[PDB]
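Any read-out appearing in this document is the output of simple, stated calculations on the displayed coordinates, not a laboratory observation. Cβ placement follows ideal geometry from the backbone for every residue including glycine, while neighbour counts extend to all protein chains displayed.
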Amino acid sequence: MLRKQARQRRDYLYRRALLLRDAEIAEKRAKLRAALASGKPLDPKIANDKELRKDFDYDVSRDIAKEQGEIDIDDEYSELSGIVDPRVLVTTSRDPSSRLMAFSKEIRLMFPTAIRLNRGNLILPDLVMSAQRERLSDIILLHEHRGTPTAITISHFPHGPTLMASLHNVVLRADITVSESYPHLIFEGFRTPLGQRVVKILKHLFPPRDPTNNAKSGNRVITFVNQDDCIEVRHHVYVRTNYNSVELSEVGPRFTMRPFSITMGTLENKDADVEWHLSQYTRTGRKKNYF
Amino acid sequence: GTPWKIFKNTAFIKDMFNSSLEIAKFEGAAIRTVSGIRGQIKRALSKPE
Amino acid sequence: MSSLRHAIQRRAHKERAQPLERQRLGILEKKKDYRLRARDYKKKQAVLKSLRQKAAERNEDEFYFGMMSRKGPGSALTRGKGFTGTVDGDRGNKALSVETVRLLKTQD
Amino acid sequence: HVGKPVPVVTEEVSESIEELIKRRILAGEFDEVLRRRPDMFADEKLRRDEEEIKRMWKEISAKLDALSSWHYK
Amino acid sequence: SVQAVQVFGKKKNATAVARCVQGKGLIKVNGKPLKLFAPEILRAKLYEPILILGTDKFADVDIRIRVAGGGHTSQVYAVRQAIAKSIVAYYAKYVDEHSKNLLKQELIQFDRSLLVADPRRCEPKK
Amino acid sequence: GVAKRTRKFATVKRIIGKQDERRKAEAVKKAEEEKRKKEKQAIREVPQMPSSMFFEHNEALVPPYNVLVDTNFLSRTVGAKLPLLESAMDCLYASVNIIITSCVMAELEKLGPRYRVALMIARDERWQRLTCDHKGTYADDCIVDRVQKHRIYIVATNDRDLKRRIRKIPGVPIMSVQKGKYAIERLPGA
Amino acid sequence: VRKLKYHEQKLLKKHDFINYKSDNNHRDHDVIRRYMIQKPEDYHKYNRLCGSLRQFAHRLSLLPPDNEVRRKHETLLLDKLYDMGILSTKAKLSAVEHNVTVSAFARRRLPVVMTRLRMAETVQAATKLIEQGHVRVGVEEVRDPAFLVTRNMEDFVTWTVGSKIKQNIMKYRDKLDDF
Amino acid sequence: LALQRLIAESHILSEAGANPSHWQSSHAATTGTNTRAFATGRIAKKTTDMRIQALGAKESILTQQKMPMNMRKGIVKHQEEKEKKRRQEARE
Amino acid sequence: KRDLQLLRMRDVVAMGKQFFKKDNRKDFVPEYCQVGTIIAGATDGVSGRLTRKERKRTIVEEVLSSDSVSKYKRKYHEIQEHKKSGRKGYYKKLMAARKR
Amino acid sequence: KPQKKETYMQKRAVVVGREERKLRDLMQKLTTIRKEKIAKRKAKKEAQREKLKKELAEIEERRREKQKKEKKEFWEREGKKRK
Ligand SMILES: [Zn+2]
């Protein structure tokens, strides 16, 4: 088990390193193909590279599959992209408060296949060992300041990218029961490849959908939208009262979220390579949305 | 002002502002250490006014 | 240009020492001493990072033939108060037989 | 100042979010991940070449599973 | 060329070694004897393998126990596991193989936690 | 009868394998002999900085000036119609003895009877025939070997190859022919 | 056979008793000696499986490159041979064109993969241990030094049950237990 | 474009089998090197090599670069003897 | 072996008054050596001759017999005063200065 | 580990007097002055080496500009004279 997932971490990082080694031969090969097809200008280093022609003729068709969009990108997600139903735990900090366990109640109440554990006293490599053995395909962590929560840490398994994010502007459930259908994800403003990574680690966190009639069937919508790299999520229930009108309602936690870390490797990997963090205390770090 | 208590990245510093009102006026400010070490005023410590 | 620069435009600027109260506390680190403790700490944490990746990514069923001629680091229970995390080494001392100690004490 | 401030969400911002929701619902498009079916997978010269390559892959793939001593997929 | 057996015992964090050799009946836990360790109300749980197995099984051996970590309770369970595994292991290697199986039967018919420690994981319910 | 002789365990067949003698190449073996002779014979070769040099000034060249003549120079002065002793004499203002190596007369004779005038002006019996002994009959390496050894001579050449080759070694004059007269590069006299 | 003279060598230029051109620069037992292959017949067995596998890659790249039998047998060849363990990435058919190799088979053997897992120090020590029978792959005590280990069976390989080597490991680490 | 590939690649596409009237080409349709089960991609290799030679290449993969000089003089001598016989048979 | 060490270290002995051929080989002990003494030049017997209190037993005893031994110790305490710069007595003085 | 027990081979040895004591002291003081000596000498050779490679880097920048100007003027010449 542990030897399996350790060797899968190591083999995955090795194949990613071979992507970074073959980037230049990939762009050179794409200019060779596109300049075979389109027209006569071609660079004489490309035309003179004699290994590129043989390895070209062996490796044309997979770049055709990329341009067509056939094959899937090697990732911590697309091994089990939309077939498995991702079981997602939610936990808190060590001695949670009344407001914090209520907030845990409403965010497990936000995801459909989300189980909730009481914290108790559970050593964190037993969190990753426990979710490692009972295949919780995502856990999320919670942190408070005086019950009013201040962080979440989504982190998924066997070795997937954890995201650490602070937490602002939180309104809980007000005075008064919410459905659990497979929800409607919308994502607005994720323009960059870091936005594409955070959008992938949020859109593989929910149960997938059979693709026939997702456009009409279902009454629950979950909305993520970022202004100034501080994403938003609201939780609304809707009845489509016409063919050209719809009535929404705020159903749950009014939520905004400032991501400050995206670390590849799980919640225990406090030594593994980050891909992103807030660059505060640089001098032009407060003038950029994504990086 | 002078570092009063030194944690790893935070630091309680002293002898600089007179009151929590002044801290709150400067409660997002870019503060700097003459080692060339930037920092941010976060929040007024309560009892050591 | 360097020829188009004066001699007051080449004056060294003076580093300022501490106040006489803080002279108890020590040297004011300005940029040099900060870079010395920063590069030293980066080097230490780089070595500790490599060693944590060793201890995490070690193979429990590993076999070396030096284990038949060395004594391992043990644990806090097999070593007790005399536990550091390290493997002891050889000072070259040895239990010396009784004939040669008779030789050394005729000499003594 | 250091870093970014975090904005206070007001009613115009929240109702503009509601307008984004209503535009996506009515003009229904979503980023829900869709369920893939798991088991997804002259012309005489092309098909003669294809049948010879299928014969080659049955022979070679059997020999590879035999070298791995039936620890294949 | 001595008759020596090393044996461990476990609980939450208390780990205990016990070395059992050819002796004359003593059991000493961290130097002090066995009837002196582990404050009074749990020494019956210390004695449980002795008065299951009978002292006649123990009048030929010496058991030396070092205990580290944990609280008092976990040190008690680590000690009694080290006692039981110590005598089963000594009778495994030095006296005949039938008597091992008889001692395993007595200890297992009482409680298997004298031999196999089962540490608790958690239950993420479905 | 007797307990039989135990077999070994990890026995492999005896195959010839890399890094033998009889498989290894003869030029690699001569490279090993060269590395051993130059490892046993412990010599730190520092050639002496030549006598009569003061920081890239040869004071050892003084009139009567010696001048090694190249095939380039004999061709371009019989082409520029400019007599050799009188115009070297006229560009240095000093009595010269011109020296013509057997590599240089070898290369002019290898050039065919188009250049029989340049050969017949190159074999002037006034001049010092400087007999060389090396296998090549290649004039540019003969000249840089000779100048590198003694560093007295003035080298009369015109090619960018050899002029650029002996701008690298200090304190040597380069005599060229700029179509009406000769030229001297780095002799700090006239 | 003395070192031949000048005239005898140039009368014998092609001559050598040791290397022939048919001997393939003795690449056979460079790989045999390097990876402890106890039989040259097993070298050439792996060689011909390399040859058939690599010409299957050749005739995959001889198809027109939009074809579906190509776009499926590429993924099954690469995924089969990767999860086998011989290749190291599954995103390049040129990697089968020049990166499948009887040295890659031979380094996917058992004493090399447990040397690489540091079950021993060298391939000779690990080979000797797996001919004395201390190892297992999975549940079965493997005593074959040519047992090809696949990529997920490079996790379930350890010492057998009553192993003196394993008592030396727990004995070194000062944590054994005679129970 | 594609017509430059037509007129340029005509001795190879015509060398395969594609003219049943012509004697060299329909001899080459059942010669054996195109009745093997993999031929259109061999000729696709040669024509993509001709395309890169049109796109600014001086050397082909297809040629053997190193030969023992009597094989080589035999082959180049053989090509020159064939073309000399063809030009002495172009006086008909 | 002390004398051989002194012969790889003769540049420090003549303290700047005489510099030598820099001979940095790793193993300073040669394979073949033979410890001799100068006998006599038949032109120099007045000043070019050691006396009874100077025909000492080793080269190291000659260097110890010569002058500049307090110069050796002086340069040695320049070096020790620079190698006790900020090492541990310094930081121990800082800790006492703060805790006082 | 440091040994806190004086063993017998340490309780056995010969206490050596003033002459060999001072030969040891002189030999040590010479060896420390040698170590600081070579530390200085190789510090300054390292600095002069860094100046040498610095200005060699600048002169190879200027050699690169000679390469680009020469090839650019060439392909002006034959680049015009092929057309
Ligand atoms: Zn010559």
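Considering only residues of segment A:130-140 that are facing another protein chain (nearest Cβ under 10 Å) and in a helix (DSSP H, G or I), which is surrounded by the most Cβ atoms within 10 Å (Cβ to Cβ)? Checking each candidate, the answer is A:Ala131. Entry remark, segment B:14-32: residues being more than 13 Å from chain D (Cβ to nearest Cβ) and either closer than 26 Å to C:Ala38 by Cβ or not in a helix (DSSP H, G or I) (or both) number 6 in total. Determine, yes or no, whether E:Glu106 is out of contact with any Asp or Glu (no Cβ under 6 Å at 6 or more places or on another chain), in a helix (DSSP H, G or I) and acidic (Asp, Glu). So E:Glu106 fits the description; yes. Inspect segment A:33-40 for any residue being touching an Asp or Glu at 6+ places or on another chain (Cβ under 6 Å), among the aliphatic types (A, V, I, L, M) and surrounded by 13 or more Cβ atoms within 10 Å (Cβ to Cβ) and give the result as yes or no. No. Would you tally the residues in segment C:64-108 being under 30 Å from G:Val123 (Cα atoms) and of a type in the set (S, T, N, Q)? Within segment C:64-108, residues that are under 30 Å from G:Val123 (Cα atoms) and of a type in the set (S, T, N, Q) number 2. For segment F:1-53, the tally of residues that are in a loop (DSSP other than H, G, I, E, B), more than 12 Å from chain G (Cβ to nearest Cβ) and of a type in the set (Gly, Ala, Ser) stands at 5. Please find, among A:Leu117, A:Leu100, A:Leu127, the residue that is surrounded by 20 or more Cβ atoms within 10 Å (Cβ to Cβ) and in contact with a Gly (Cβ under 6 Å, 6 or more places away or on another chain). Of the residues listed, the single one that is surrounded by 20 or more Cβ atoms within 10 Å (Cβ to Cβ) and in contact with a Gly (Cβ under 6 Å, 6 or more places away or on another chain) is A:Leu100. Considering A:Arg53, A:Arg21, A:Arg16, the condition of being under 18 Å from G:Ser61 (Cα atoms) and either within 38 Å of the chain's Cα centre (by Cα) or facing another protein chain (nearest Cβ under 8 Å) (or both) is satisfied by A:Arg53 alone. Report yes if A:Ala26 is surrounded by 13 or more Cβ atoms within 10 Å (Cβ to Cβ), of a type in the set (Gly, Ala, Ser) and in contact with a helix residue (DSSP H, G or I) (Cβ under 9 Å, 6 or more places away or on another chain), otherwise no. So A:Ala26 passes the test.
Comparison of F:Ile184, F:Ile100 shows that the only residue that is away from the ligand (no atom under 16 Å from the Cβ) and not aromatic (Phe, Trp, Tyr) is F:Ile184.
Of all residue pairs spaced 6 or more apart or on separate chains, none has beta-carbon atoms under 6 Å together with a first member in segment F:139-150 that is hydroxyl-bearing (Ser, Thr, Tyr) and a second member that is near the ligand (Cβ under 8 Å from one of its atoms). Pairing each residue of segment F:92-108 that is closer than 15 Å to F:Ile174 by Cα with any residue that is within 10 Å of the ligand (Cβ to nearest atom), provided the two are 6+ apart or on different chains, yields C-beta distances under 6 Å for F:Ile99/F:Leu130.
Scanning segment F:81-97 for residues that are assigned to a loop (DSSP other than H, G, I, E, B) and either within 16 Å of the ligand (Cβ to nearest atom) or in contact with a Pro (Cβ under 9 Å, 6 or more places away or on another chain) (or both) gives F:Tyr93, F:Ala94, F:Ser95.
Out of the residues in segment A:266-288 that are in a loop (DSSP other than H, G, I, E, B) and over 26 Å from B:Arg32 (Cβ atoms), state the one that is nearest to the other protein chains (Cβ to nearest Cβ). My answer is A:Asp271.
Tell me, please, whether a residue that is more than 10 Å from every other protein chain (Cβ to nearest Cβ) and among the basic types (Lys, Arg) can be found in segment A:36-48. Yes: segment A:36-48 contains one or more residues that are more than 10 Å from every other protein chain (Cβ to nearest Cβ) and among the basic types (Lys, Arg). Evaluated against (1) surrounded by 15 or more Cβ atoms within 10 Å (Cβ to Cβ); (2) more than 16 Å from the ligand (Cβ to nearest atom); (3) under 13 Å from the mean Cα position of the chain (by Cα), F:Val177 falls short on exactly one condition, (3). Annotation: of all residues in segment G:91-100 being buried (at least 18 other Cβ atoms within 10 Å of the Cβ) and either assigned to a loop (DSSP other than H, G, I, E, B) or of a type outside the set (D, E, K, R) (or both), the one that is farthest from the other protein chains (Cβ to nearest Cβ) is G:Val100. The residue list G:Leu78, G:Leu87 contains one member that is assigned to a loop (DSSP other than H, G, I, E, B) and either more than 14 Å from chain H (Cβ to nearest Cβ) or surrounded by fewer than 22 Cβ atoms within 10 Å (Cβ to Cβ) (or both), which is G:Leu87. Identify, please: which residue in segment G:16-37 is outside any helix (DSSP H, G or I) and in contact with a helix residue (DSSP H, G or I) (Cβ under 8 Å, 6 or more places away or on another chain) and is, among those, farthest from the other protein chains (Cβ to nearest Cβ)? Of everything passing the filter in segment G:16-37, G:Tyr35 is farthest from the other protein chains (Cβ to nearest Cβ). Taking the criterion of being assigned to a loop (DSSP other than H, G, I, E, B), surrounded by 11 or more Cβ atoms within 10 Å (Cβ to Cβ), of a type outside the set (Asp, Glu) and more than 10 Å from the ligand (Cβ to nearest atom), the residues of segment F:116-141 that qualify are F:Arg123, F:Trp127. Does segment F:146-161 contain at least one residue that is part of a loop (DSSP other than H, G, I, E, B), in contact with a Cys (Cβ under 8 Å, 6 or more places away or on another chain) and within 16 Å of the ligand (Cβ to nearest atom)? So far as segment F:146-161 goes, no, none of its residues is part of a loop (DSSP other than H, G, I, E, B), in contact with a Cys (Cβ under 8 Å, 6 or more places away or on another chain) and within 16 Å of the ligand (Cβ to nearest atom). Listed by position, the helices (runs of 4 or more DSSP H) inside segment A:27-70 whose residues that are within 17 Å of H:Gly56 (Cα to Cα) and not polar (S, T, N, Q) number at least 3 are A:44-48, A:50-58.
Considering segment E:1-37, and only residues there that are surrounded by fewer than 20 Cβ atoms within 10 Å (Cβ to Cβ) and among the small types (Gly, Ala, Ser), the residue that is nearest to C:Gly80 (Cα to Cα) turns out to be E:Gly31.
Scanning segment A:253-265 for residues that are farther than 9 Å from A:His159 by Cα and not in a strand (DSSP E or B) yields one hit, A:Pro253. The single residue among E:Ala84, E:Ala4, E:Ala78, E:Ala68 that is touching a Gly at 6+ places or on another chain (Cβ under 7 Å) and not β-branched (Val, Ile, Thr) turns out to be E:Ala78. Output the qualifying pairs, or none if there are none: Cβ atoms under 6 angstrom, residues six or more apart or on different chains, first residue in segment A:223-252 and more than 10 Å from chain D (Cβ to nearest Cβ), second residue among the charged types (D, E, K, R). Close Cβ pairs (under 6 Å, with a partner that is among the charged types (D, E, K, R)) amount to A:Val237/A:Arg220; A:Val239/A:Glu247; A:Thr241/A:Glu247; A:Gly252/A:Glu106.
The numbered conditions (1) more than 16 Å from the ligand (Cβ to nearest atom); (2) crowded, with 20+ Cβ neighbours inside 10 Å; (3) of a type outside the set (A, V, I, L, M, F, W, C) are all true for F:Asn72 except (1).
Take D:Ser16 and tell me if it is at positive phi and polar (S, T, N, Q). Judged against the criteria, D:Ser16 is not a match.
Annotation note: of I:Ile79, I:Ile38, the sole residue that is hydrophobic (A, V, I, L, M, F, W, C) and either exposed (fewer than 11 other Cβ atoms within 10 Å of the Cβ) or away from chain J (no Cβ under 14 Å) (or both) is I:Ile38.
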